[PDB]
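# A structural walkthrough
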Amino acid sequence: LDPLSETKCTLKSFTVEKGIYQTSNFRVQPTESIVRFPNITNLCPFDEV
Amino acid sequence: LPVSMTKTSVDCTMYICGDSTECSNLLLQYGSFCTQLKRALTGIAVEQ
Ligand SMILES: *[C@@H]1O[C@H](CO)[C@@H](O)[C@H](O)[C@H]1NC(C)=O
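Residues and elements named next belong to chain B. With respect to the helices and strands, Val 10 occurs in the segment before α1 (12–16). By relative accessible area, which is 43% here, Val 10 ends up partly exposed. The spacing of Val 10 and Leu 37 is 27 residues in sequence and 8.5 Å in space, taken between C-alpha atoms.

Dropping the structure here:
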């Protein structure tokens, strides 16, 4: 719920003393997804059959 | 004389797995190793 609560959970305590505690990691997550292959180009002769 | 060295931090999950949530799920079954590794590198880093 809160930034401090992560510090309380990390220290496994209900009191946190003054300092900088490395509570967690921040990762930006992928937004859309793009798949790009080369041009389709040649089409075979099913049409001739 | 050499007084200090580079203070480095490693993210266990990105290094061990890396953009693979299924791996992160498997890693927990291994234990508290990530916590001790961060504690170790944090102590080396404050000493520096
Ligand atoms: C056959 O030709 C027509 C146009 O001439 C085309 O619309 C159709 O998709 C073609 N079918 C095949 C299997 O080539």
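Once that is clear, we can look at the layout of surface pockets. Estimated volume of the second largest pocket: approximately 330 Å³. Lining the second largest pocket we find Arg 27, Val 28, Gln 29 and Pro 30 of chain A together with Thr 13, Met 14, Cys 17, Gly 18, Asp 19, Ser 20, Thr 21 and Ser 24 of chain B. Secondary-structure elements contributing two or more residues to the lining of the second largest pocket are α1 and α2 (21–28) of chain B. Of the residues belonging to the lining of the second largest pocket, the class tally is four nonpolar, six polar and two charged.

Next up on the list: the UniProt feature "disulfide bond" in chain B. Residues and elements named next belong to chain B. Per UniProt, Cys 12 and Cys 34 form a disulfide, and the coordinates bear that out, putting the sulfurs 2.0 Å apart. With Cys 12 in helix α1 and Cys 34 in helix α3 (residues 33–47), this residue pair connects regions lying 22 residues apart in the sequence. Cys 12 gets classed as buried once you look at its relative accessible area, which sits at 17%. For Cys 34, a relative accessible area of 28% corresponds to the partly exposed category. Formation of the UniProt-listed bridge between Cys 17 and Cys 23 is supported by an S-S distance of 2.0 Å, under 2.5 Å.

Conventions adopted
- Residues numbered from 1 in each chain as written, not as in the entry; some residues may be left out.
- Chains lettered and ligands numbered in written order.
- Part of a larger assembly, values for the part shown.
- Heavy atoms only, no water.
- Residues with missing side-chain atoms left out of burial classes, pairs and counts.
- Helix = DSSP H or I, 4+ residues; strand = E, 2+ residues; numbered from the N terminus.
- Buried < 20%, exposed > 50% of the residue type's maximum accessible area, 1.4 Å probe, protein only.
- 1 Å grid on protein atoms, 1.4 Å probe; cavity = no way out; pocket = protein on both sides within 12 Å on 5 of 7 lines; lining within 4 Å.
- Points joined across faces, edges and corners; volume = space filled by probe spheres on them.
- Nonpolar A, V, L, I, M, F, W, Y, C, P; charged D, E, K, R; others polar.
- Disulfide = S-S within 2.5 Å.
- UniProt positions renumbered as here; feature names shortened; annotations may be inferred.

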